[PDB]
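Here's a solo chain for you in structure tokens, the form deposited in one PDB entry.
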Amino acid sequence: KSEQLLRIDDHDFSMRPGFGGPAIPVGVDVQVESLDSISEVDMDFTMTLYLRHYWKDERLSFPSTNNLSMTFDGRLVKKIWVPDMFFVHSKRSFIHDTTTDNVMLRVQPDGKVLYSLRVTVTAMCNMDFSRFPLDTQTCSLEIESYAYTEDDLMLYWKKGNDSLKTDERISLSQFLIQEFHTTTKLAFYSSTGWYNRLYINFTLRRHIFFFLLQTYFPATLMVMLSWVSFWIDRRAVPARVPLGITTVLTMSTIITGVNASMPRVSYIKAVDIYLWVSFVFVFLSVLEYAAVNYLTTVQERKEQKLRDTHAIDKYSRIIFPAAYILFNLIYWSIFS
């Protein structure tokens, strides 16, 4: 029996190795397999990865006539001491068990142990959509020991920045992924004391041109088309008025359609500001002609009682495009 080579019954495996002494160092290696999904409304993401642990235990040493190691499955885990790692700020997680538990243990003749498992974890990530769709988001995944402080367990990256590996085909449907790196930081808990924590960082970006073409182009086209009425004879009211009202209807429908396709985030965004400014411009384009018609009627009535192009149109043809250009310049200077 292979379990009789290791004196399982001759030691107490409820205590950590080197108990009463210096803290036992543990190395951690992480390989990211894929990114499964991301939720903007709930602000979380899902990841599947490989977790590996490295430590030495002299109580597991066994004599051997060669340098061959023994491999055991997850059934041996309940009989020996293993680190109790857990993910901080996680929502749900589980370990694959098809067709059996994805747990592997390798024991070297001097007592070096390799512990590997496959896990899927969902973690939270606070997001800010103030600069949508030009926003940039940062995410992090955290690993920490649950019950052992820094005085008993010392956690560190085994090979520094080389301990993180990612798949060549990792991708997301609506985001771009870049800048993977790892960091470390100490955390303090008033109940028990200080703990070591590890971080895995990456950045997310969007596709600017798709949003530009889908949103900004129709609004600017509609704003430019609303300026057509300044070049039509003022005597054609049944052509001037329905053009304006139909432009207002089309702008409203476009705004509703744009709002229907964005994630349900309930605060003000820059795209909303752009669209509402265009709506206000369209509304003023109709008020202008209304006052021009009223003035023309009043002048005609006075002239009749007594017995060319109106300047408002001339000035508006210049004022409206300059104001819109100035607004665009300021808007693109603030939001880059």
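Rigid core (definition): largest C-alpha set, two forms, superposition within 1.5 Å. Numbers for residues come from their place in the sequence shown, where the first is 1.
Across the other PDB entries of this protein whose models span the neighbouring residues, residue 307 goes unmodelled in a third or more. In terms of unmodelled positions of the deposited sequence, the stretch from residue 307 to residue 308 in this entry skips 10 or more residues.
Not pictured, yet referred to below: the form deposited in another entry.
A 2 Å or larger CA shift between the shown form and the other one, after fitting on the rigid core, occurs at just one of 143, 237, 187, 164, namely 237. With the core held fixed, residue 178 shows a CA shift below 2 Å between the shown form and the other one.
Once the rigid core is used as the reference frame, the Cα position of residue 69 differs between the shown form and the other one by 2 Å or more.
Shown in the overlay between the shown form and the other one, fitted on the rigid core, is a CA shift at residue 100 smaller than 2 Å.
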